[PDB]
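One chain comes next, on its own, written out as structure tokens in the form deposited in one PDB entry.
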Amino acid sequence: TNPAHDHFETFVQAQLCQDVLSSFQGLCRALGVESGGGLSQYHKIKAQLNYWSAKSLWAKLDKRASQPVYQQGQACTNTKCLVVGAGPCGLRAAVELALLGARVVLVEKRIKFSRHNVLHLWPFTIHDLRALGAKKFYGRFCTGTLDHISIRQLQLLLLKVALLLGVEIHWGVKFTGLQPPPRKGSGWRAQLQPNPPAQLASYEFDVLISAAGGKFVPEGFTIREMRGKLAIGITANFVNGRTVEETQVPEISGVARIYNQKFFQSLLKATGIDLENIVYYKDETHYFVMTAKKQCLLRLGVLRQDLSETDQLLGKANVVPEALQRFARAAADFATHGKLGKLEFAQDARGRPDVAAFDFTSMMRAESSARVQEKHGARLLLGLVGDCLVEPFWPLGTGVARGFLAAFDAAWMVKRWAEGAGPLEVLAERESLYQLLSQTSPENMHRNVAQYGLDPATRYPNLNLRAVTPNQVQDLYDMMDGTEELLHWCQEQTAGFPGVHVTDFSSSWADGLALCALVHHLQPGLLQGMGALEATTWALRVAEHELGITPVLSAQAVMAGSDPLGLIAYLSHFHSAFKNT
């Protein structure tokens, strides 16, 4: 026989994270390869596992690997990546970057997939996953007309996929932030807790894909918060015995109070439970997600006091596990007309009943989806993916969909950045894409989901990659280190003016003074210390009428220091006309 086949089948069927890892390592030792080895490792693995069980898997993976956008793994063949997070979106990112031909290295905080809550899947995410061999690695995946997958199962899927592609992963390793390059010849590094392996800690990368969940975002990355009415979401998982009775209970896609008022009034007047919404997904567990307002959860002793800060309102000290269990179970039992039977809680990864309470009040969004940093010549492309990019709304089942799109758009970004386009280009393109995200839906995206790929134009109808231009995105380009001579020259023309001191093509010129010092020196003397707006408009008008130089920047642009490039373009004209003099 072939022992490798058993290693494979075992790897394939692994239901625990660390069993996936050991079954893969054994399969690897069986096939003269080591994990973490680019797409070449993938090629050997399928070279030696060309047999009945593996053949369709390789088939699907190959069909995707050879979609023109990857160039047979030559696109990002010179890119070095670090993905932060083994969440679905991180793994997905990992697969796209791996296929691109890049070196993918992934760090995950945890060492198991703990999460049982269920995610609604959009048609395209279903198809995608499918063409990654989802029913091979799961099989109970979206049976018939199922719509959703539990978190850890999705994690499992994409884990096996990323592994097979030779993505290098590290578990129990938290990324705390960046290490800038020590000197000109160096690269950007991660700071890792606790002990990074001496090779991971020394690993230099040029792309950072952060995919670390709702409440982690790197440095330079700034978040925009905005809340709605105070909402509190409770999710629950019950034992699913997969009995005939149990199976014959309809799901509850989304039953909202704004319509089913008599259902909810009935709930309340028979249970004291006052809800805004409830959802029931039938998965590995019976899953319920429901929304309440504060006064109900107080009245029922689910919460101990009326705390103003929501992060404290739903903290371990103020949440009463007893009551939240009884509340959850009561709602659950009512919405399903007891058809489900006497409900037992599933455990969380830690053994207490699977009921949690979350803050639903926020609609978080990050200002950008990417940034570029540059030191000692080393460029680094930061890009966000997942819950850390846009905060999903759980009832309306966004999460997976918008995260995967973010991940594709990140992979696209990376692809451009390998092709060697200017930082501002890569970023501008990414921001035009980003604009679309927070309002996406299957209805305002393309219909042929069968053919979705990295290329933005296969997914987003009426696509404008020019919505955002390199000029505006100068903010996202962070340089801590041809234009030499324009600065030197301006310093020369402006020496001697009392309040003027030229050091850049931004803040030096914010107050009008700077510009006047030039103009006055170039054409004396119309001739003092004016204002701020006054001086800027003085300079621009006078340079325009006297020197023959029309304004590139607005007076406000110059005053706000918003457009370095624009100011350089303006200045370069005084340079053109008067340098040889």
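Think of the rigid core as the biggest set of C-alphas that the two forms share within 1.5 Å after superposition. All residue numbers refer to positions in the sequence shown, first residue = 1.
Only in words, not in the display: the form deposited in another entry, which the text now covers.
Which one of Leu61, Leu27, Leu518, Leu39, by Cα shift of 2 Å or more between this form and the one not shown, core superposed: Of all the options, the C-alpha that shifts by at least 2 Å belongs to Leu518.
Is it true that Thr537 shifts between this form and the one not shown by 2 Å or more at the Cα, once the core is aligned? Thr537: C-alpha displaced by 2 Å or more between this form and the one not shown.
If I superpose the two forms on their rigid core, does the C-alpha of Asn237 end up displaced by 2 Å or more between this form and the one not shown? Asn237: C-alpha displaced by less than 2 Å between this form and the one not shown.
Using a superposition on the rigid core, decide whether the Cα position of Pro498 changes by 2 angstroms or more between this form and the one not shown. After core superposition, the displacement of the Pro498 C-alpha between this form and the one not shown reaches the 2 Å mark, so yes.
Direction of C-alpha distance change in the other form, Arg257 to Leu121 (at least 3 Å): Compared with the shown chain, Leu121-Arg257 is closer in the other form.
Shorter or longer C-alpha distance for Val255 and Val449 in the other form, given it differs from this form by 3 Å or more? Closer together, which means the C-alphas of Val255 and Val449 are at least 3 Å nearer in the other form.
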